[PDB]
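Here we start with a single chain on its own, the form solved without the ligand, put down as C-alpha cells.
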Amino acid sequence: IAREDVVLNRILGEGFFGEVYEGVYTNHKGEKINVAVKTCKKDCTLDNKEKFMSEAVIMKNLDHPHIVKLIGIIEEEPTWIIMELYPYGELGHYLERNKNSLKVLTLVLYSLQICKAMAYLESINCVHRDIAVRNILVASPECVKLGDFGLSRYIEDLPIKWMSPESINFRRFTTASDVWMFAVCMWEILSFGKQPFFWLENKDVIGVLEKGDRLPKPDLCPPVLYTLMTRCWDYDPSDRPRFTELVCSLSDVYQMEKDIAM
C-alpha cells in the first residue's frame, strides 16, 4: 500500500502510541474504503517503535473472520498502520440501540464468534486481555470482530469489573484469565450491553468475588449459558473451561436455540 492511496480526513483520537486518524484508502481496483490510521510519535523511544510494530504484525497475521482486520502497513518513517473501520460501531452501543428487535439466537451467535477468535488465540497461547462489548466491532448484523489487544501487554513490568481475581490481585494474565473475562463479555452480550458490576465501585469488586458473589443471570439468558458463565468464574483458573470446550458448548447451545426459534 502506497502512502498516496490513503488520505487522512480528521483526527479520530490518541491511542497508546500516537496519533490515530480517520482516512480513506483507495484500492488497486479503485474502491474507496474508510479506514483508521494509527501512527507512532516520531519523538518516541526505540522500544515503543518496536512494540507499535509488534502489534501491527500480530493484527496483520491473525487474519481471523472475528478479529478486526488490518488493511496494511506503511513502514517508512512516518509509519501508518491502516485498520478497517466498521460504521456499525461498537457491540455494546449496537446492542443498546437494537435491544427491542434482537433475538437470543443472535446474542448466542455473537458470543460464539468471539469464542472462536479466542480459541484461535488460545491455540498460540496468546493473551488478549480486552474482551468486552466496547472492544468488539460490528462488521455486519451477521458478524462481530474482536478489537485491539489490551495495551497492558506493552507496559514494562484497568478494566477491573471484567478481570479475573488473579489479574486484579497478582497481575496474572493467562488464557485462563481471558476465559474469565470472555464470560463477562458474554454476560454483557446477553444483557444487551449492560456494564458488569454497574452497582459497584472498582475497589468493591474483589471483595464481592471473594465472598463467592457473581454477576446475576441476565433475564433473557439461556440457563445453560449462565452455568457456563459460572464455570468461567471459578477462582481456580485450572477449573475454568478452555476456549476449545467453550466453542463446543456454545455451538451446541446455538443449534438448540436455532431449532427453538424455527
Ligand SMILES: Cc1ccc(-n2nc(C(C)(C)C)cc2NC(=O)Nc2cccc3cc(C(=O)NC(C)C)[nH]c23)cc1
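Note that residue numbering begins at 1 and tracks the sequence as displayed. Rigid core here is just the name for the largest C-alpha set that superposes within 1.5 Å across the two forms.
Separately, the form deposited with the ligand bound exists; it is not shown, and the next lines address it.
If you superimpose the site C-alphas and bring the ligand over from its pose in the deposited complex, 3 or more of its atoms are within 2.4 angstroms of a backbone or C-beta atom of this form, and that means blocked. Shown alone here, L95 lies farther than 4.5 Å from the ligand in the deposited complex, counting heavy atoms only. Although the partner is absent here, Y110 sits far enough away that none of its heavy atoms falls within 4.5 Å of the ligand in the deposited complex.
Among residues of the shown chain, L121 is one whose heavy atoms approach the ligand to within 4.5 Å in the deposited complex. Interface membership of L62, defined by any non-hydrogen atom within 4.5 Å of the ligand in the deposited complex, is confirmed.
Only one segment in the set 233 to 241, 193 to 201, 216 to 224, 31 to 39 has residues whose heavy atoms sit within 4.5 Å of the ligand in the deposited complex; it is 31 to 39. The putative spot formed by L12, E55 and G147 is fully lined by the ligand in the deposited complex; each residue has a non-hydrogen atom within 4.5 angstroms of it. Residues of 66 to 84 lying near the ligand in the deposited complex, listed in sequence order, are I67, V68, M83, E84, the criterion being any heavy atom within 4.5 Å. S251 shows a C-alpha shift below 2 Å between the shown form and the other one [criterion: core-superposed Cα displacement of 2 Å].
After superposing the rigid core, the C-alpha of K211 moves by less than 2 Å between the shown form and the other one. Fitting the two forms on the rigid core leaves the C-alpha of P223 displaced by under 2 angstroms between the shown form and the other one.
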